[PDB]
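1. Generate a structure from the sequence data that follows.
(9 chains, ligands or ions: 9)
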Amino acid sequence: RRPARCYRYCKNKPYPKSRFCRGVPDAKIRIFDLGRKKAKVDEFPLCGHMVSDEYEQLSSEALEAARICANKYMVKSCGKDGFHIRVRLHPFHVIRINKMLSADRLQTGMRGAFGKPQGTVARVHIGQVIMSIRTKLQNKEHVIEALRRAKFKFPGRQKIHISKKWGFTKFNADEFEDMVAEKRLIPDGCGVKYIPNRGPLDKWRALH
Amino acid sequence: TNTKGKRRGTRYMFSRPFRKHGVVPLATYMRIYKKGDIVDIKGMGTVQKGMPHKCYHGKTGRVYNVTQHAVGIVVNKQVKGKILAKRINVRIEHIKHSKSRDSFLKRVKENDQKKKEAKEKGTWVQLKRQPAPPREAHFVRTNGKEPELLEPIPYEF
Amino acid sequence: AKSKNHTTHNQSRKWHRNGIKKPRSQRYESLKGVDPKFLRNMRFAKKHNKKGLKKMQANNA
Amino acid sequence: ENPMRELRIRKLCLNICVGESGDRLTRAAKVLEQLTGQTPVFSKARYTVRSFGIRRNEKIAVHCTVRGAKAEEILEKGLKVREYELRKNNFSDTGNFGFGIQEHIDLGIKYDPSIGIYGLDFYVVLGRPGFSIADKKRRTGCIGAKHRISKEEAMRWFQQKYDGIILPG
Amino acid sequence: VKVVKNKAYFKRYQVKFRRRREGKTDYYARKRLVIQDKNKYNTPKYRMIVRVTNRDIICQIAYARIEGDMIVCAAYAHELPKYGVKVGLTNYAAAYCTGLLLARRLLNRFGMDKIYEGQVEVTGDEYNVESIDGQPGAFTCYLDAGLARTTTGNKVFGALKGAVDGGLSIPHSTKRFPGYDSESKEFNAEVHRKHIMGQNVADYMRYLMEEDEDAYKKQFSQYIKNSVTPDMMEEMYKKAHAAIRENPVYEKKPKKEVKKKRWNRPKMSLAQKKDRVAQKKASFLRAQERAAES
RNA sequence: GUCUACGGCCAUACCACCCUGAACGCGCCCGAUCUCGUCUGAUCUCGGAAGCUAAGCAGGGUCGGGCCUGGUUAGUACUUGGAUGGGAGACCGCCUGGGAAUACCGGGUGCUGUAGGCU
RNA sequence: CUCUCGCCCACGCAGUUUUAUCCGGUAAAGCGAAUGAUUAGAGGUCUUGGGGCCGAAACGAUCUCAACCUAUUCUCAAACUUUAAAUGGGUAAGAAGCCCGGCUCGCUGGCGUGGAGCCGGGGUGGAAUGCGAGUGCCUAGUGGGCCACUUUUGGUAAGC
RNA sequence: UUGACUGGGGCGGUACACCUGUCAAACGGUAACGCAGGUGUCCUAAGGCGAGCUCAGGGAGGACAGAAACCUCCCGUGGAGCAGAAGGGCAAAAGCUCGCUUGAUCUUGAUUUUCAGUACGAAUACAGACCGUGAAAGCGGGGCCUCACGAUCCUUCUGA
RNA sequence: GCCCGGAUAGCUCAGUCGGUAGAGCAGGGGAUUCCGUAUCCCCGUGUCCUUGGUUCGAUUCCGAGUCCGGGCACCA
Ligand SMILES: [Mg+2]
Ligand SMILES: [Mg+2]
Ligand SMILES: [Mg+2]
Ligand SMILES: [Mg+2]
Ligand SMILES: [Mg+2]
Ligand SMILES: [Mg+2]
Ligand SMILES: [Mg+2]
Ligand SMILES: [Mg+2]
Ligand SMILES: [Mg+2]
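-> Residues are numbered from 1 along each chain as shown, chains lettered A, B, ... in the order given. Ligands and ions are numbered 1, 2, ... in the order given. You can find the structure just below:
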């Protein structure tokens, strides 16, 4: 397996797994949520992202080693089932190998040059989040140190950002409790389902 | 190399916009094309029988011939170093009236009548049109209040 | 002994070196390719307008 | 209180599905013609499955449809061999029903070993005055939810006429 | 719990036409029957719209414009009691007598009355009007049944022959007139001049006196109501063909007679329904607060 | 104030459910002798006029679903031209001009042409 | 060679813009919009797959995994797309035009209808900026290219 | 005499004639032994015209019948089919079944596509015959559209 | 150090028709015989390599990974 220097800066167009590729092996990440998936919304208020600084390609294999390095640290200190790690970007980009000498000039040179599939990597934009854990608010200094250990397994530069939302929802943490309180948000497991005031009135009659 | 076939680059442009498929509206056939009418070419994909080529889709020509179901249109084609006044037979569903001269025909109409309005009234109305002049020296009014101080917001991620 | 396949580099500037031209649309375009039944009537309209017309034309004109 | 909005028999349709054609499917059309008095029409397959002995376009079954006054006179034959009882799940979501029998000589047919024994499938659809607009050519329309007939409204009909039993097991 | 019904089938849905969803036309046969071959450039292609209904038949001549079809002249069958045929306004004889009314009224409007009188006596044979030279030409006109199954003896083809005997140049064949033997190839024109004067419904009266007078009162009650007796019926139509050929002009009733305007509901405003909701929300919270504390 | 016949634009007209429908009409409906067509007068075709607005149909209603249209998103994302701009690079900032899209929020909910009838 | 300017308006033309009017499916965006991918839980329950018991047995009675369904949620698409730029493409910006009168026709046809054709007359100032154009003949050399912004394809990368 | 292309040549392969989608950078054009494919046919109907009918799939039911037989209802914007490779297109249809047929005929030009603005091929709009189908307007000179093929010279048969 | 098919009881091997895992050796237990030889019969023994996808159905089909053996082999 070639170094991650070789399959770095996003050069080719996205070349995804479909009926045109048909021969690309499996990603080393196959599971993506590893804390307690069963949690509700109010059990883990704060969340913490690690944010990309540059536009590059992360391998599926580097995302495997990253979440393991974060899963291991947080069961040491926050304890098991006291967190919810979620790796957010998925590998869909197929890299190729022009696998020469399959010490000789004998196979070809660059004659038939288009490669066989070699693995899957993930195209990342600037400011896009990679990993996201969510815990109690008592565990804030364990958020960063989990993701600080996870950032040494990625190429390039990442910044770790404690977010301003409530959990893995999209609503702000200062006014969530004030606004889930009356009607506007209902909790269904690990997320929050917004209800507007423009549907049919019978679901408002089912509420209250 | 690149397969010199008719209907080659048209995965999208001989196709309907979306949710207007099905059989064509009938006013397209109840259109009146005489000689010298400026028409433009937009070939559909429902009628197979007379679609022009992918070279004329979006060009605009001039009718020289009208027949039972189609119209001869003389268009200009950019071939390499020169252009060619080329004539094509196109069925009637693939074209329409270009509105491009109808905003000239209105002015000529309301231009000549306004020209003889200056003969009876005696003026110098200057019917030739002009581009946008620089803005006139006008006057703003900040009545009562005072202007709003805005300043650049700080950076938060 | 491989060569270069196809470019259009330098080709656009030698088109405009002599100035790509409009085709010189000139008054009275010809009737080439107009459908014959319309065309066969119209010259019957031409070979009878000089002959049997001009005594009952100028007195109206 | 509800005038000219009443359940009437729209048609009664019958079939026998034989696994093959030839001799056996032919004299089964003789049976179904004796119940009705009009000639059968031959249905056929469209999936050769190679596990039923079937083949595509091979004439697999016979069926006919009976309307009007003769539909009820074959239906009342069918409700006495089954003894005026159905189950609750013979009443479909659109309201219309069916029950099916075995040994067709339990219905009025005399026996013949050269003919044999076949099983019918009586299937009744229900109707009101106004159901023709879903099958009319010119201005075809849907039926309106207040005019369509329900499962529970056809079983309250089969209790009313024919004094049936629902047998809710 | 069962399957994945629609929920965004409406997001992509493409409705057909206002006139296909209502079911009147087809637009496949309209496109081939209405649009002018455009090296004639303005000359209108004229139709004969024939539509039978329950209790009426409607005959119209229309042509197409781009803002809608234009109708030249129309003839109905509720009008037709004014010429004598007072009852049975959907049978084959009323259909033919509407087509002659629709043909004579048009040529009165265009001034072609004394030319093009057609076939004055009704023989049922294939009459075909031609163009007398020096005068205006025959009115050319094209039939459409629209959406009706044009089997032989369809009464849309009765109104096809009242037109043709009136002087409308309509191309047609005699193959679909009642009186065309299917397995033979002959056209029995005598069956058609029987069929055109309604002796078949006179014989269906005659078949019902001598068999069962009770069914002859169940059906045919309004023939007996005024006076229609099946020997008189063949002359009553023939006395109506004389009447429509001498005055087709269609006077009109002066139609004013009332000034009142209220029958159905107006669409309530935004504010009138926005406060209906706050009215409903009020009644829900007063039954949950009060009637569950008590 | 609406309808029928024929239409133009083709969801602001559709879908689902619920109320209302004076008069004309349009319908359901009643029949199978002829015309015609079916395994079946159900459809199609043909004779009617005993019923009925129950359906269709027409109006209206739903904190309606869609569709239509405008705010927000957003001068954001991209982008024309420019620099001996930054930076190991990846790419980023600026000058000069243009300039989107969703979630989310608001408003709408068929218009009319020719001919004819009711009020 | 044909002409245009020598001294209240250029015949004309254009690697340009403005004014209008058409064209397009890339960048972005989208997937709680179709197609193709894909992560998580919550609710619901016909059920089957498999357990837990009241039990000779009974879809008599009670839980769980899964499958399905519904509303949400993460992530994508050169050979997907509702939506959709910027740059770009075609046309138009008058006298070959506009209006009026008449007449030919074997084409068209209810029709002094339709449409072309020809003859006669009536009114010239018709976006900005710049420039003199139009045409015809004879014709050599050439038919190995190479580099740079930016856009891109193969390649780990290359003074490829 | 012993082909050419070719990341030297050979071996291999066909990028040697042709079609679809992408590359291709929103007109058109545009390369590599670039990517995913297809062609050297099949069809008297799978051609032509009319009429009738709706498809995939799913739900609830119906003797043997069960995941898969047949019948029936309801839902069904194309999720099926249209000979095939793909794209476009298509619902009283261009799909399915049936009824009649041979326009898959004779003949002169024009035009488009590739383009040098040559040919072959393929296609378009006509016009002059003779016919089909249909009540009719119409539609039809092969296949729903984009590929399905071939000069001089020679031979062969046909035509006045 | 690249490709062609194979991964199955203690072994080995066929078939894993999209619907059971069965020949045969080795051990076990009988029967047979005066007693044994052979023989005969029955029993025992399959994560059918690992996981993912495709239908009341996959070890079987599909295609990933691991493993085992078998191989394309120029003038210089
Ligand atoms: Mg009969
Ligand atoms: Mg009959
Ligand atoms: Mg009846
Ligand atoms: Mg009603
Ligand atoms: Mg009602
Ligand atoms: Mg409404
Ligand atoms: Mg709404
Ligand atoms: Mg720039
Ligand atoms: Mg510079």
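2. so where does residue B:87 fall, helix or strand?
-> Using DSSP states H and E, residue B:87 sits within strand B:82-91.
3. Report whether that strand contacts chain C.
-> Yes: taking C-beta under 8 Å from any C-beta of the partner chain as the criterion, strand B:82-91 and chain C are in contact, through B:82-85, B:87. Every C-beta, even on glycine, is put in place using the N, C-alpha and C of the backbone.
4. can you give me how far that strand is from the chain middle?
-> 18 Å (C-alpha atoms, centre = their mean, to the nearest Å).
5. quick revisit: which among the residues of strand B:82-91 next to chain C end up buried?
-> With burial judged by 16 or more other C-beta atoms under 10 Å in any protein chain shown, the buried subset of the residues of strand B:82-91 next to chain C is residue B:87.
6. so which of the residues of strand B:82-91 next to chain C comes closest to residue A:190?
-> Proximity of the residues of strand B:82-91 next to chain C to residue A:190 (C-beta to C-beta) peaks at residue B:83, which lies at 64.8 Å.
7. On the strand side of things, show who that closest one bridges to.
-> Note on residue B:83: beta-bridge partners residue B:78, judged by DSSP bridges.
8. measure the nearest residue to residue A:24 once chain neighbours are set aside to RNA strand I for me?
-> Of all residues beyond its chain neighbours, the one nearest residue A:24 is residue A:117 (3.7 Å), with distances taken as C-beta to C-beta, 6 or more residues apart in numbering or on different chains. Computed with C-beta to the nearest atom of the strand, to the nearest Å, the distance linking residue A:117 and RNA strand I is 7 Å.
9. what sits against the residue of chain E found nearest chain D?
-> Residue of chain E nearest chain D, by C-beta to the nearest C-beta: residue E:23 (4.2 Å). Residues near residue E:23 by C-beta atoms under 8 Å, 6 or more residues apart in numbering or on different chains: D:138-141, E:147.
10. Of these, which is the most crowded?
-> The member of these surrounded by the most neighbours (other C-beta atoms under 10 Å in any protein chain shown) is residue E:147, with 14 neighbours in all.
11. can you map out the strands along chain A?
-> Listed from the start of the chain, chain A has strands (DSSP state E) covering A:46-52, A:56-59, A:84-87, A:93-97, A:116-124, A:129-135, A:158-162, A:185-188, A:191-194.
12. Can I get the ones you listed in TSV including mean neighbour count?
-> Formatted as TSV, the entries for these read as follows, by neighbours: other C-beta atoms under 10 Å in any protein chain shown:
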stretch	mean neighbour count
strand A:46-52	22
strand A:56-59	23
strand A:84-87	22
strand A:93-97	19
strand A:116-124	19
strand A:129-135	24
strand A:158-162	16
strand A:185-188	13
strand A:191-194	14
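13. what's residue D:131 in contact with, if anything?
-> The neighbourhood of residue D:131, defined by C-beta under 8 Å, 6+ apart, consists of D:10, D:143.
14. Next one: it from chain A, what distance?
-> According to C-beta to the nearest C-beta, to the nearest Å, residue D:131 and chain A sit 31 Å apart.
15. Checking the residue of chain E closest to chain D next. Helix, strand or coil?
-> Residue E:23 falls in the coil class when you classify it by DSSP: H, G, I helix; E, B strand; the rest coil.
16. cool, residue D:14 as well?
-> strand.
17. My read is that it contacts residue D:124, right?
-> No: using C-beta atoms under 8 Å as the test, residue D:14 is too far from residue D:124 to be in contact (10.3 Å).
18. where along chain D do the strands fall?
-> Read by DSSP E, chain D holds these strands, from start to end of the chain: D:8-17, D:41-43, D:61-67, D:97-98, D:123-127.
19. The strand holding residue B:87 packs against which elements?
-> When contacts are defined as 3 or more C-beta pairs under 8 Å, 6 or more residues apart in numbering or on different chains; DSSP states H and E, strand B:82-91 sits against strand B:63-66, strand B:70-79.
20. could you redo those strands as a markdown table and give each row mean neighbour count and distance to RNA strand G?
-> Compiled in a markdown table, those are given as follows (neighbours: other C-beta atoms under 10 Å in any protein chain shown; distance: least, C-beta to the nearest atom of the strand, whole Å):
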| stretch | mean neighbour count | distance to RNA strand G |
| --- | --- | --- |
| strand B:63-66 | 20 | 7 |
| strand B:70-79 | 18 | 4 |
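21. Just give me the neighbour total for the nearest residue to residue C:14 once chain neighbours are set aside.
-> Residue nearest to residue C:14 in three dimensions, not counting chain neighbours: residue B:81, with 7.5 Å by C-beta to C-beta, 6+ apart. For residue B:81, the count of nearby residues is 15 (other C-beta under 10 Å).
22. likewise residue E:125?
-> By the measure other C-beta under 10 Å, the count of residues near residue E:125 is 15.
23. Kindly report the same for residue E:191.
-> Counted with other C-beta under 10 Å, residues neighbouring residue E:191 total 17.
24. same deal with the one 4 residues further on?
-> By the other C-beta under 10 Å criterion, the neighbourhood of residue E:195 contains 23 residues.
25. what's the answer for the one 10 residues further on, then?
-> Residue E:205 has 21 neighbours, counted by other C-beta under 10 Å.
26. hang on, it packs against residue E:220?
-> Yes: the pair formed by residue E:205 and residue E:220 meets the contact definition of C-beta under 8 Å, at 6.2 Å.
27. After the strand holding residue B:87, which helix or strand is next?
-> Stepping forward along the backbone from strand B:82-91, the first helix or strand reached (DSSP H and E) is strand B:95-97.
28. Work out the gap between that next one and the centre of the chain.
-> On C-alpha atoms, centre = their mean, the centre of strand B:95-97 falls 10 Å from the chain's centre.
29. and what of stretch A:35-46?
-> A distance of 17 Å separates the centroid of the chain from that of stretch A:35-46, by C-alpha atoms, centre = their mean.
30. Please apply the same query to stretch D:58-75.
-> Mean C-alpha position of stretch D:58-75 versus that of the full chain (C-alpha atoms, centre = their mean) differs by 7 Å.
31. Export that stretch to CSV, keeping only CA atoms.
-> Listed next in CSV are the C-alpha coordinates belonging to stretch D:58-75 (Å, rounded to 0.1, in the frame of the first residue of the first chain):
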residue,chain,number,x,y,z
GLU,D,58,-50.3,-22.4,-22.9
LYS,D,59,-54.0,-22.4,-22.2
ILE,D,60,-54.1,-23.0,-18.5
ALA,D,61,-57.7,-22.2,-17.4
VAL,D,62,-61.2,-21.3,-18.3
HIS,D,63,-63.4,-18.5,-17.0
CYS,D,64,-66.7,-16.8,-17.6
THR,D,65,-68.7,-13.8,-16.2
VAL,D,66,-72.4,-13.9,-15.5
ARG,D,67,-74.5,-10.7,-15.0
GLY,D,68,-78.0,-9.7,-14.1
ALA,D,69,-80.6,-12.2,-12.9
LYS,D,70,-78.7,-15.3,-13.8
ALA,D,71,-75.8,-14.3,-11.5
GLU,D,72,-77.8,-14.6,-8.3
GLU,D,73,-79.3,-17.9,-9.4
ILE,D,74,-75.9,-19.5,-9.6
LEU,D,75,-74.8,-17.7,-6.4
